[PDB]
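Trainee: below: the sequence, then the experimentally determined structure.
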Amino acid sequence: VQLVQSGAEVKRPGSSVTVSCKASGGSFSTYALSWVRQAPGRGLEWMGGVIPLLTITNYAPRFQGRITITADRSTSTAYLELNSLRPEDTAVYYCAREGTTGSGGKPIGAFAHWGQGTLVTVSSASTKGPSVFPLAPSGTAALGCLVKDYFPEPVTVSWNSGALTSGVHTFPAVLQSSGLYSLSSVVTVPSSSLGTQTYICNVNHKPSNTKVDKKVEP
Amino acid sequence: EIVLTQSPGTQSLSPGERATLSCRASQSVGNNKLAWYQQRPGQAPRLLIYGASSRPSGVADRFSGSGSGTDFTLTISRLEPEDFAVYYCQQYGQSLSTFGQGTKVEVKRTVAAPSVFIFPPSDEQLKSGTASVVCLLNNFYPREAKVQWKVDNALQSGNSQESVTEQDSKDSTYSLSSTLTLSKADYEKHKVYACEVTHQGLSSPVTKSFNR
Amino acid sequence: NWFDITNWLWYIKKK
Ligand SMILES: [Cl-]
């Protein structure tokens, strides 16, 4: 059983989002499919589920009035609709299907099968590429790059095209009052290397096609 | 609504040690429909135990579940490196399913004070009308740390943000980055930019600073 | 309990 979700989406406040979950393997119609979300740095929250053959939904009271979960047996696809979006709805949304036990397909209720998740970002911001600024080094020195003012997630950072990983720390982004993200990436190295070795941070922000290879020097 | 309490929310343990994680329910869980999941950073959760004590075929037998009613336990007989992760309990004994808040099992190591670095704004950024000052607290343990920004000794509020890395897989430390942001014009009103750091490994606060 | 429905369904659909 494999569950494959639709891709990340940015939604405006007050809008409605639809996330899909396509199942392949086993039977679709007779097993319970639920939606579980996780806001950034927070825990898992069960939202609701559906049993497709019976068209019986079951919604958490917190979402009853804003959620619709549907199932299309012809495509083995389940859908989550969530309305009246607010910034608090920014989260990774997972579909999760109950497991089975034994050889006869007996269901277990608990969620054995999970999709990859879908990040839904609720924001009024527009796509923006970051500026990339050096954090210049002053037996160990620190140096880094500041990747400032981008939207939406994600940004990836490497150093020296992936050759430098020891001592690298790439931090979680923070969301600024502007509704744009900022992140930093740093590395510590021997002070004696600063004269001779080159350090370059490779920043990739796909949505804006920002690809910067910033040499950081003393 | 059944409230599931996972306490403590963090356990600091060593590889090879046993772990027992508590899930207490505010009401009896119907038919012991209590599941446990593991979640590592950047990954979907994974089912370890269902029906309080049943273990899916694929799951390591060092994980076991027990308990009934309102009092459930996940036991990890011997912690492997990959077992340091977050564990959630979930009840599904009534139509409103709920999860606990999770318990993070992290690696205990010796106390390590942060190495502290401060970075002035780049010339490039200053040309653009903004000044970001960065403070790095590197490779410390435990995770609890505090940074305060002071500008000519005035404590700052509302103009900084920070974040923290996941525990390092090799040395079991954390690092933290904080950014203070001002307009260029405001940045140019002040001289001394300081970050003051508090941590268990420091007998008194450490300040790194520069003069604009 | 909604979480028990599919077990019932499984049981009655066996032959
Ligand atoms: Cl396992």
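Mentor: Sure thing, it's come through. Numbering: from 1, shown residues only, chains lettered A, B, ... in the order given.
Trainee: checking residue A:207 next. Helix, strand or coil?
Mentor: Using DSSP: H, G, I helix; E, B strand; the rest coil, the structure places residue A:207 in helix.
Trainee: count the neighbours of it for me.
Mentor: A count of neighbours around residue A:207, defined by other C-beta atoms under 10 Å in any protein chain shown, yields 16. To be clear about C-beta, it is placed using only N, CA and C from the backbone, and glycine gets the same treatment.
Trainee: which ones are touching the closest residue to residue B:5 other than its chain neighbours?
Mentor: Spatially, and ignoring its direct neighbours in sequence, residue B:5 is nearest to residue B:24 (4.7 Å; C-beta to C-beta, 6 or more residues apart in numbering or on different chains). Residues in contact with residue B:24 (C-beta atoms under 8 Å, 6 or more residues apart in numbering or on different chains) are B:4, B:5, B:7, B:70, B:71, B:72.
Trainee: could you check how far the residue in chain A positioned nearest to the ion is from chain B?
Mentor: Nearest residue of chain A to the ion (C-beta to the ion) works out as residue A:112 at 12.8 Å. Separation of residue A:112 from chain B (C-beta to the nearest C-beta, to the nearest Å) stands at 5 Å.
Trainee: do the same with residue A:203
Mentor: In terms of C-beta to the nearest C-beta, residue A:203 sits 14 Å off from chain B.
Trainee: quick check: which helices or strands does the helix or strand hosting that residue pack against?
Mentor: Residue A:203 is located in strand A:200-205, with elements delineated by DSSP states H and E. Under the contact criterion of 3 or more C-beta pairs under 8 Å, 6 or more residues apart in numbering or on different chains; DSSP states H and E, strand A:200-205 touches strand A:140-150, strand A:156-159, strand A:210-215.
Trainee: highest mean neighbour count out of those?
Mentor: Across the helices and strands packed on strand A:200-205, averaging neighbours per residue (mean count of other C-beta atoms under 10 Å in any protein chain shown) puts strand A:140-150 on top, at a mean of 23.
Trainee: now that one against strand A:210-215, angle please.
Mentor: Angle of strand A:140-150 versus strand A:210-215, following axes from the mean of the first three to the mean of the last three C-alpha atoms, to 10 degrees, is 160 degrees.
Trainee: what about strand A:140-150, near chain B?
Mentor: Yes. Applying C-beta under 8 Å from any C-beta of the partner chain, one finds strand A:140-150 in contact with chain B at A:140, A:142, A:144, A:146, A:148.
Trainee: would you turn those into JSON lines with distance to the ion?
Mentor: As requested, the residues of strand A:140-150 next to chain B are exported to JSON lines (distance: C-beta to the ion, whole Å):
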{"residue": "A:140", "distance to the ion": "38"}
{"residue": "A:142", "distance to the ion": "37"}
{"residue": "A:144", "distance to the ion": "36"}
{"residue": "A:146", "distance to the ion": "39"}
{"residue": "A:148", "distance to the ion": "40"}
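Trainee: burial count for the residue of chain A closest to the ion?
Mentor: 22.
Trainee: for it, grab phi and psi.
Mentor: phi -80, psi -30 (degrees, to the nearest 10).
Trainee: before we move on, what about residue C:12?
Mentor: Backbone torsions of residue C:12, given as degrees, to the nearest 10, read phi -80, psi -20.
Trainee: quick one: which of the helices and strands packed on strand A:200-205 is nearest chain C?
Mentor: When those are compared by C-beta to the nearest C-beta, strand A:156-159 sits nearest chain C, at 39.3 Å.
Trainee: show me what the closest one is packed against.
Mentor: By 3+ C-beta pairs under 8 Å, 6+ apart, strand A:156-159 packs against strand A:181-190, strand A:200-205.
Trainee: so which of these gets nearest residue B:85?
Mentor: strand A:181-190 (23.5 Å; C-beta to C-beta).
Trainee: burial measure for whatever residue of chain A ends up closest to chain B, as a count.
Mentor: Across chain A, the shortest distance to chain B (C-beta to the nearest C-beta) belongs to residue A:110, at 3.6 Å. Using other C-beta under 10 Å, residue A:110 is surrounded by 24 other residues.
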